[PDB]
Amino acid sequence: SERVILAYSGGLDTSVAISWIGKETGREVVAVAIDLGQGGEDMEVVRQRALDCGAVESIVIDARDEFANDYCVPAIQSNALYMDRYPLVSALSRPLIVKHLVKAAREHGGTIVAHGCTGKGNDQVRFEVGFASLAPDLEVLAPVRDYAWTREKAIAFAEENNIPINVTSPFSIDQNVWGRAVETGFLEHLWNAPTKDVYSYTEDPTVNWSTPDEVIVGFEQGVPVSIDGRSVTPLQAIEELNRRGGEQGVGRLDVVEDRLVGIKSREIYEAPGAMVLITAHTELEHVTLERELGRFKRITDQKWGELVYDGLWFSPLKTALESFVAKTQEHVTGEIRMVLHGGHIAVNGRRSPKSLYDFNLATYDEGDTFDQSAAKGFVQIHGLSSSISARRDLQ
């Protein structure tokens, strides 16, 4: 029916965009809001807002389990830490939102999709490269980037058209079950430290002095499946570790990162459950993956994180890396014990039915099975090519 399908968050800009897009294009607007565990307002209140702001149809998709299962678990399996710091909090959800917006377009006669991203962020890239890969036939509208859009203009438009919207905190927040990101003007200066007011997912790391939390996280083929012996879904694992890590101030990040669009920016993140899961998963790989496979997998972990940050979730390199990763995870099964305390994650135990750790090869005790007679010859040949090079250097 030649609709515009709007990725709808419930905020001022996308709410005004509904009738603004209607006027600019002459088309009806279907609002699509995704529950990723962002909390705050009930999703029905968001759904209703889009209707009151002129959407012909307004839908909520509960994608929390899908987000955990199909986006967060892959990030865990590639130990994804952008800059070796950031578990891709905002980046991971964008391809999922894209997927559902395309699906909604097929269902509701949409020929255009729209998003409210700005022109100096990464999110525009993640949305628009995604749309171009999944549905190039759809026109993509970026009203906030491409149409001389300002808050004042949006508010003036809302006033002129009696749009029922709240137009009344200096924090720019993005949160979901995987983590929370905070931008504020004060923190754009790199010598300014964050204050307690920036935080929500986590308690101050000083709170629980005599009550550390020791937790055991179990994985089966790279997927988190248990906490302290209790079976859990991936969403439940993330939520429980968000709570337990958050109570210990774990996962507070303060990062200067390279945006794909050419600039550095400073951001604050809270990602307690994510950091516990990625740390544990890494420790389990050290127990279950052979040396040279592990060395190379640190390269593919890094590449994967870059691809997803760079808006290339749907790229063929990312997809092929997933086939590599799936094979590596076959035996990544076992339990990792960590103490959560003081904002810190401290591993102190591992066990695995797929362990490559061999006590008898490692021990000096009576059970020692390592044949040391091999070592002299190994060292001689291991060192030979660089020895020959050194001789030449010195000649």
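Sequential numbering from 1, following the sequence displayed.
Unmodelled residues of the deposited sequence between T168 and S169: 1 to 3.
When the C-alpha B-factors of 214 to 222 and 130 to 138 are averaged, 130 to 138 comes out higher. Higher mean CA B-factor, judged across 113 to 121 and 305 to 313 from the recorded values: 113 to 121. Among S323, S231, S93, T195, the highest C-alpha B-factor in the deposited entry belongs to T195. Among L356, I34, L51, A346, the highest C-alpha B-factor recorded in the PDB entry belongs to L51. Sort the modelled residues of the chain by CA B factor and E66 lands in the middle third. Ranked against the other modelled residues of its chain, the C-alpha B-factor of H108 as given in the entry falls in the highest third.
Ranked against the other modelled residues of its chain, the C-alpha B-factor of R27 as given in the entry falls in the highest third. In the PDB entry, a CA B factor belonging to the lowest third of its chain's modelled residues is recorded for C72.
Per-chain ranking of the deposited C-alpha B factor places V207 in the highest third.
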